[PDB]
Amino acid sequence: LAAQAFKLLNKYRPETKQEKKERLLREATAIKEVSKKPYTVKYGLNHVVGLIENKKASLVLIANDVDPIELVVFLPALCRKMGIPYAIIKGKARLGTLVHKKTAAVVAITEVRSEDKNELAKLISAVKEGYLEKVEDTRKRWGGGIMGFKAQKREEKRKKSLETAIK
Amino acid sequence: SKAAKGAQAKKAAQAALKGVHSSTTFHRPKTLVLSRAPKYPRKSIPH
Amino acid sequence: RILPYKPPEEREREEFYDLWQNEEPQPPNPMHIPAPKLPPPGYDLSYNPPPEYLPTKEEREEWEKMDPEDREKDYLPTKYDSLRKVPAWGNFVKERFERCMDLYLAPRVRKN
Amino acid sequence: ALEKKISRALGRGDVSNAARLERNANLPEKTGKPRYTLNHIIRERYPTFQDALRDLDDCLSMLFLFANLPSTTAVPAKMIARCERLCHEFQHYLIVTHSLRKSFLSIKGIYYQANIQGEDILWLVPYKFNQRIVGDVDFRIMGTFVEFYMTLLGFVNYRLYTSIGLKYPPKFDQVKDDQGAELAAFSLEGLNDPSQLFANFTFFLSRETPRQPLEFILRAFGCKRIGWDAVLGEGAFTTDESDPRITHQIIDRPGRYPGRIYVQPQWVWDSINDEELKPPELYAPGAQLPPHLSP
Amino acid sequence: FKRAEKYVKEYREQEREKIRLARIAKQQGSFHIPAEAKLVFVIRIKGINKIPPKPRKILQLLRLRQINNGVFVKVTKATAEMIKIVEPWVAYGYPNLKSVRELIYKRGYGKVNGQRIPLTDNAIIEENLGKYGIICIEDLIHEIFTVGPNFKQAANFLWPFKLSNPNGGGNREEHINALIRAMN
Amino acid sequence: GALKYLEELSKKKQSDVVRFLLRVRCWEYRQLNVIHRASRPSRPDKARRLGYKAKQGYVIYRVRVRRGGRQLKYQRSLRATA
Amino acid sequence: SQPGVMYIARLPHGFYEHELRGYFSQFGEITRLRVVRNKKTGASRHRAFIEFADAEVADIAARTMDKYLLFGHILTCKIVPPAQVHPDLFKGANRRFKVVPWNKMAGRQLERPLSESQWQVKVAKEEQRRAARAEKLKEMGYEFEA
RNA sequence: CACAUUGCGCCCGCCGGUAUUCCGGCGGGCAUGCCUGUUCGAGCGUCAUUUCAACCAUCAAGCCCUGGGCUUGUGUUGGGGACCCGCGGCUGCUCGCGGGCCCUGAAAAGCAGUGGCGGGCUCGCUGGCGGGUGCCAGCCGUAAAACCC
């Protein structure tokens, strides 16, 4: 699912700075000697939150490793409340490489070209089912509690030292 | 038999979900030391 | 102030001095031990030498038998009728590699 | 640092920026010119053109060898191509100036000795075969040697052409090189005893002859007209062997024209050694070749 | 570990290969080439992993078994048939005299007693060939360029050329010559 | 909107998420030095409304200050001492 | 000894007998496997049944490959409980479903001659049929002769 | 660096004394905290990495009544709907082949049935021969051929 996401997304990646300068020079030279609206992956925490609140986002991907976590800790709930499909991706550096930055906390797809409307819709359906159903099964509960052999042995040591005779 | 089948199935599922890719004392490593290449002489004329 | 845009194919198709300009003699430093030139070719390198230099078949067999890198002198003269028969030397690159290694690894000491 | 950042770009997916950074890296694999500029090290190592000509022995030996050798990782194909241009270019300088003096045939190859500005310069050419490489011969080291000597001959041939009056670089025809001109692809423009030995003679080279050795020898000692077979290469004065205006031709095989002189290549080499034409009857085909003497 | 992604990928690849092989079989002689007796140099390059049986047989016949390997072949009608059959896995074009000189002198080899001995001596040249009048390596070059009566045994003598990977570099006509400078 | 979401989440401090995060950080800062540098503000919304920008020239320092009194009370706060 | 039956749906074009066998045998051991196909034309209904030797292995396979995106297809891998596995479900398992050019067959059939005495009792049957056509054509009002 | 004694260390360069090794002198430098930026690193801190791409004729050849036209090349996801037909079998009911109309996300829950040739596997008889085989990522459409070797 991560690979499919980044395949539709890599087509809508932003323009690098060199490419943008080269394009601007191209129209400048043309005027020396009428375009459709660009479509790209929308990034930036505040911008993506605004798009989610205004229901312009079609898909949302949230990095799992943003510290501080408070920046994103409400994003899944906000996406669920607004009804936009959302998913959590391993690696803020990877969301970061789609844009041309070092780290992206969140990326979103708003609109795509006609050549990719069907692909984006199928990706939305696939991510929604195959991730949101499992997340609905286990998202409302507490995490943690992965005590191993040493931790559990320390636990029986503590209990057999505590509840036997004295406190 | 059953344990081998379960282990092989678990290995296959793990490979499907996550792919096939997954002296003792510590000293300060010897790093690169740059010599001074100043952009301006501190004193214009030597004494 | 800035160059106009150029298409990538035009950019692709688009993209010396006398080094002894200010030349003056300099004193030779006595720490410089240059590499002496290789010995000049002798009368044994010729593929068609005088018959006096033609050696014996038995010593030829001994030379081909004993293992490499132990001779006083690293080849034997051989008579060929023409460049048709003259073969390419098989250890030429090896010899020149050893010569280069002599340049960058052999110690140089001045001896009287 | 630039290589590290190119690796960063490649691992990040920015292929356009990676490609830009590799032009900025100036990779010899495509450029053919050496990794680093070596003008200052030339300056401080060789103080005079006399010393340059004195180490031209080893410089020419290495660049001839790597102009003949196959393409490898340390020395790429286009680096060998530039080596081939520069070596044939120095051969043009010798041909035009008639600076070549002696030649020699040995089981180790062909030795050439010339005298430039009073300096004796030698170089050995291996026979045109597949030089078989054995053992731990790492091509990085003599590849560095090749870069060094390529810079050396670039500057030396520039100075030599500026001294003779000819221009640098010579006009080289890629198409004619494709049709196989080797030494014949360069048209040398200018700026605005040795040459008599075969000057009044016309030669022909057969399929069996050493093409560029014979060509270089005869160009260096005067002969201005040789024909050869089309397979040998372009630039032949007369491709037809039946052409009647032929004086001498090399045969090295085991229409028998009357007005004709069949000679073996040893005749050309011992002529260039002895500064005098050798008996065609004593060097006729099918006869025991007279002994060769080192010059 | 192998993925269903791959499994489906090769399934569709072999499906198209079967479709295209039937099409040639139906339209025997699809390649619209004029009748000229010339030479074609063919280099096996990486392609589909699972080669169909008849292409595998043709590749074994042409001795293009390993990756990145070039051989010379006389351009006949059966030759054109097999070359355009094995087109997906090979790059083929018209050689040049300088190119064949470079290949034979730098990367030239010969097959003797099922052993590869480098083309180091015209004496070995008369030992293997010569019975048909091939005296020297450049005589071999001559016959290869101007294909003569003995091209079949000539090619049988020439052990296929192992090239090097391209260092920064269907019918490619003279562009395969640039390819073989890039690979040689 | 993330800034108001963080403002409300910081208003609700004894909430479970904030309490858990504050516990782990309190441990981390005790393991760290008394005064050390920060990288990124742990409270970006508070830093921004106080005037922090992500420019070359703005830095954060986290400082630990011992709590309590001198029965004498220090007229300057623990905030001013930090 | 409890074989486990898994149903796979939304099959991408190409994920057929051999690819299914290889993939799920790399997961485990298959007793039987069958994609459903049409008898008229050799085309699959994009669904298959796989009976594994081990029900547990079948369960892990279904869990890992239930909602998989393969060539724009979200698969449907679900274990069918042993209660409703129909005894005659794996009837064409492990065989070859061949493609039969029924159209060419009917065409060769139309071209094979025979003694048309039976075809003339059949033209008596087609005279009664065009009498049927005429009686339904009386509401039309069109008269046609033979 | 040193109560600072005009003493003692490290890097680079120079000068004078027999000097490539020695002596002496000279010149430029070597404090800490912190900020910005370089470059070199360390971390059982995190992540990616066994690649779901394009790749048919963006025109060809043969022709005709000479300039337009013709032939060829053959390439389609599946299911459903008391709907309208043609043609082949079925005693008949009906079933197949082709259409006409409508619907559904690249949707989905047994319904698998037509005879053969090569080859694989297997059992018997005297390597050969005769039998079978829900086996063929081979063909084929009555027989049988071709690949195959």
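Deposited coordinates in this entry are attributed by the record to cryo-EM, at a stated resolution of 3.1 Å.

Draft legend 1. Region of the structure containing the sheet that holds strand β3 (residues 90–93) of chain E. Residues and elements named next belong to chain E. Strand order in the open sheet formed by 4 strands is β3-β1-β2-β6, with antiparallel pairing between adjacent strands. Sheet topology places β3 and β6 (161–162) at the edges, where each strand pairs with a single neighbour. Strand direction decides the pairing type here: strand β2 (residues 69–74) and β6, joined by 2 bridges, are antiparallel. Note on β6: the bridge partner recorded for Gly-70 is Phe-161.

Draft legend 2. Here's a closer look at helix α9 (residues 211–220) of chain D. Residue and element names in this part refer to chain D. When you tally the buried positions in α9, you get 10 out of 10 residues, the bulk of the element. Within the sequence span of α9, burial applies to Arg-211, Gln-212, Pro-213, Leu-214, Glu-215, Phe-216, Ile-217, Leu-218, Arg-219 and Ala-220. Two residues or fewer after α9 comes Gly-222, characterised by a positive phi angle close to 105 degrees.

Draft legend 3. Structural detail: the pattern of salt bridges. Taken as a whole, this structure holds 44 salt bridges over all chains when the rule is applied. Between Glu-70 of chain A and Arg-25 of chain F there is a salt bridge; the shortest N-O distance is 3.0 Å. Pair noted here: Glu-70 of chain A is in the loop between β2 (59–63) and α4 (75–82) and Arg-25 of chain F is in helix α2 (residues 16–31), and the two residues belong to different chains. Residue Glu-70 of chain A is classed as buried on the basis of its relative accessible area of 11%. Residue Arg-245 of chain D is joined to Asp-243 of chain D by a salt bridge in which the shortest nitrogen-to-oxygen separation is 2.6 Å.

Draft legend 4. Quick peek at the interface of chain D and chain C. Each partner contributes to the interface: chain D provides 52 residues, whereas chain C provides 38 residues. At the junction of chain D and chain C, the tally comes to 5 salt bridges. Across the pair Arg-99 of chain C and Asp-58 of chain D runs a salt bridge, and its minimum N-O distance is 2.8 Å. Residue assignment for the side of chain D that touches chain C shows that the elements contributing at least two residues are α4 (39–45), α5 (49–68), β1 (100–106), β3 (119–125), α7 (139–164) and α10 (265–274) of chain D.

Draft legend 5. Structural context of the protein's contact with RNA strand H. Lining the immediate environment of RNA strand H, one finds 77 residues, of which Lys-43 of chain B, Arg-37 of chain F together with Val-35, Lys-39 and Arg-45 of chain G sit closest. When the atoms of RNA strand H within 4 Å of the protein are sorted by group, sugar and phosphate make up 57%. With respect to RNA strand H, the backbone of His-47 of chain B contributes an N or O atom lying 3.1 Å from a phosphate oxygen. Here a base nitrogen of RNA strand H sits 2.6 Å away from a polar atom, N or O, in the main chain of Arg-37 of chain G. Mapped by element, the contributors of at least two residues to the surface near RNA strand H are α1 (2–11) and α6 (117–137) of chain A, α1 (4–26) of chain E together with β2 (30–37), β3 (44–52), β4 (76–80), α3 (102–111) and α4 (117–137) of chain G. Partitioned by chemical class, the residues of the surface near RNA strand H number 25 nonpolar, 17 polar and 35 charged.

Draft legend 6. The arrangement of α2 of chain F in detail. Residues and elements named next belong to chain F. If you check α2, its first and last C-alpha atoms are 23 Å apart, about what 16 residues at 1.5 Å a residue would give, namely 22 Å. Every buried residue belonging to α2 is among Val-18, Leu-21 and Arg-25, and all of these are buried. One face of α2 carries all of its buried residues, which in axial projection span an arc of 65 degrees. Residues of α2 that are exposed and point over 90 degrees away from its buried face: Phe-20, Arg-23 and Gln-31. The inward-facing, buried residues of α2 contact α1 (2–11).

Draft legend 7. View of the interface of chain D and chain E. With 23 residues of chain D at the interface, the matching set in chain E holds 26 residues. Approximately 2,200 Å² of surface area, both sides summed, lies buried where chain D meets chain E, with 51% of it carried by carbon and sulfur atoms. Considering only the side of chain D, the residues that lose the most area to chain E are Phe-129, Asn-130 and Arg-207 of chain D, jointly responsible for 32% of the buried surface there. In this assembly, chain D and chain E are joined by 3 salt bridges. When the shortest N-O distance is used, the salt bridge between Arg-181 of chain E and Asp-177 of chain D registers 3.6 Å. Looking at the side of chain D that touches chain E, the elements with two or more residues in it are α3 (28–31) and α8 (174–178) of chain D. In terms of residues, the side of chain D that touches chain E owes the most to one element, α8 of chain D, which gives 3 residues. Taken together, the residues that form the side of chain D that touches chain E break down as 6 nonpolar, 8 polar and 9 charged.

Draft legend 8. Structural context of the arrangement of the chains. Most contacts, among the 11 pairs of chains that meet, fall between chains C and D. In this structure chain B stays clear of chain C, and the shortest span between their C-alpha atoms is 26 Å. Separated throughout, chain B and chain F approach each other most closely at a C-alpha pair spaced 20 Å apart.

Draft legend 9. Structural context of the packing of aromatic side chains. Going through the model one piece at a time under the given rule, you end up with 34 aromatic pairs over all chains. Ring plane angle 80 degrees and centroid distance 6.0 Å describe the contact between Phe-72 of chain E and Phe-161 of chain E, whose orientation is recorded as edge-to-face. Of this pair, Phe-72 of chain E sits in strand β2 while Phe-161 of chain E is found in strand β6, placing the two residues 89 residues apart along the sequence. Both residues of the pair, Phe-72 of chain E and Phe-161 of chain E, belong to the buried class. Here the aromatic rings of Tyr-23 of chain G and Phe-24 of chain G are separated by 5.7 Å at their centres, their planes lie at 85 degrees, and the arrangement is edge-to-face. Residue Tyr-23 of chain G shares its accessibility class with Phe-24 of chain G, and that shared class is buried. Through a chain of ring-to-ring contacts, the aromatic side chains of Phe-16 of chain C together with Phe-64, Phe-90, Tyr-93, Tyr-112, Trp-123, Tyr-158, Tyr-161, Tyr-168 and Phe-216 of chain D assemble into a single cluster. Sitting over the face of the ring of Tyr-7 of chain E, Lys-2 of chain E holds its NZ or CZ atom 4.7 Å from the ring centroid. The positively charged end of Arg-37 of chain G is found above the aromatic ring belonging to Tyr-16 of chain G, 4.5 Å away from the centroid.

Criteria and cut-off values
- Residues numbered from 1 in each chain as written, not as in the entry; some residues may be left out.
- Chains lettered and ligands numbered in written order.
- Part of a larger assembly, values for the part shown.
- Heavy atoms only, no water.
- Residues with missing side-chain atoms left out of burial classes, pairs and counts.
- Pairing = 2+ DSSP bridges.
- Helix = DSSP H or I, 4+ residues; strand = E, 2+ residues; numbered from the N terminus.
- Buried < 20%, exposed > 50% of the residue type's maximum accessible area, 1.4 Å probe, protein only.
- Salt bridge = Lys/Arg side-chain N within 4 Å of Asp/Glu carboxyl O.
- Contact = heavy atoms within 4.5 Å.
- Near = heavy atom within 4 Å.
- Polar contact = N/O pair within 3.5 Å; in protein donor to acceptor, adjacent residues only side chain to side chain.
- Nonpolar A, V, L, I, M, F, W, Y, C, P; charged D, E, K, R; others polar.
- Expected span 1.5 Å × (residues − 1).
- Arc of directions from axis to C-beta.
- Buried area = accessible area lost by both parts, 1.4 Å probe.
- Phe/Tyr/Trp six-rings, centres within 6.5 Å; stacked < 30°, edge-to-face > 60°.
- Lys NZ or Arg CZ within 6 Å of the ring centre and 35° of its normal.

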